[PDB]
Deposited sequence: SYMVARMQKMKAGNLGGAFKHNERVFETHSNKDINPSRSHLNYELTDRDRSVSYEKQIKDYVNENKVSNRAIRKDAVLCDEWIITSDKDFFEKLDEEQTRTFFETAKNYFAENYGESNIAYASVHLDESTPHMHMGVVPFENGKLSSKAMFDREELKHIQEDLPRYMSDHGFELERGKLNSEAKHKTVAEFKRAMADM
């Protein structure tokens, strides 16, 4: 099976929808009886929005005096998953351990306190995690600095290896893959 890891940039304007989705605050593929099986791997407070948690953290820690820009990438939400075959082979403890391990990889490489949320979804087709990583380093908030072309190349190589080194039977995606990302809605059509 392939390691699936892929980030989407979240601005203020889409962290609302990310929070509502992830916290399940009635789509064909959500099974509502399974929603209570979901879990959050960070110690974050569930009544506090992603926008508020991240902006407070960045404002309280940033070196510059200038306001966070309105078009700022406040976090990179990584989807961490694999195929169905992969998870069918794992019990509950193992499944949890898989996401905790992936969370660890981003914590150890990008900063423990940058993992704003790690929301594991079992109530959809395949187990996966939405993991918000704040691109905050050296007192600066910059997805441009943290996730650039070489860094995404490095993660596609080194993350699947790290996961494999930690117990999990997963291979990296195809090096130089020509695939174009489809949205969930676009992938469903196909």
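Q: What gaps appear when the modelled C-alpha atoms are mapped onto the deposited sequence?
A: Several stretches lack coordinates - namely 26 to 29, 195 to 198, in sequence order.
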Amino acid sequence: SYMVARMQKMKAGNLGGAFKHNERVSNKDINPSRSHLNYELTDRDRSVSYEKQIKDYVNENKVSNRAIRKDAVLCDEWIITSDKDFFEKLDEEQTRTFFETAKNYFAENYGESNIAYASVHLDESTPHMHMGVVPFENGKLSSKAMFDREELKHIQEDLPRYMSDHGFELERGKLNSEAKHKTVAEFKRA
From here on, numbers count along this sequence of modelled residues.
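So that the term is clear: the rigid core is the largest set of C-alpha atoms that superpose within 1.5 Å between two forms.
Q: 122 to 130 versus 145 to 153: which one's CA atoms end up farther from this form in 5 other deposited structures of this protein after a core fit?
A: It is 122 to 130 whose C-alphas lie farther from the shown form in 5 other deposited structures of this protein.
Q: Say the other structures are aligned on the rigid core; which stretch then has the higher CA RMS in 5 other deposited structures of this protein, 9 to 17 or 178 to 186?
A: Of the two stretches, the larger average C-alpha offset in 5 other deposited structures of this protein falls on 178 to 186.
Q: Is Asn27 left out in a third or more of the other entries?
A: Yes, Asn27 lacks coordinates in at least a third of the other entries compared.
Q: With reference to the PDB entry, specify whether the mean Cα temperature factor is higher for 141 to 149 or for 33 to 41.
A: Per the PDB record, 33 to 41.
Q: Out of 15 to 23 and 163 to 171, which one has CA B-factors that are higher on average in the deposited record?
A: If you average the C-alpha B-factors of 15 to 23 and of 163 to 171, the larger mean comes out for 163 to 171.
Q: Using the temperature factors of the C-alpha atoms in this entry, rank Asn65 within its chain: lowest, middle or highest third.
A: Highest third of the chain for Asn65's C-alpha B-factor.
Q: Ranked by Cα temperature factor within the chain, is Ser47 in the lowest third, the middle third or the highest third?
A: For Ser47, whose C-alpha B-factor we compare with every modelled residue in the chain, the answer is the highest third.
Q: C-alpha B factor of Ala5, ranked within the chain: lowest, middle or highest third?
A: It falls in the bottom third of the chain.
Q: Comparing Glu112 with the other modelled residues of its chain, is its CA B-factor in the lowest, middle or highest third?
A: Within its chain, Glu112 is a middle-third residue by C-alpha B-factor, going by the deposited values.
Q: Which third of the chain holds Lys28 when residues are ordered by C-alpha B factor: lowest, middle or highest?
A: Highest third, going by the recorded CA B-factors of the chain.
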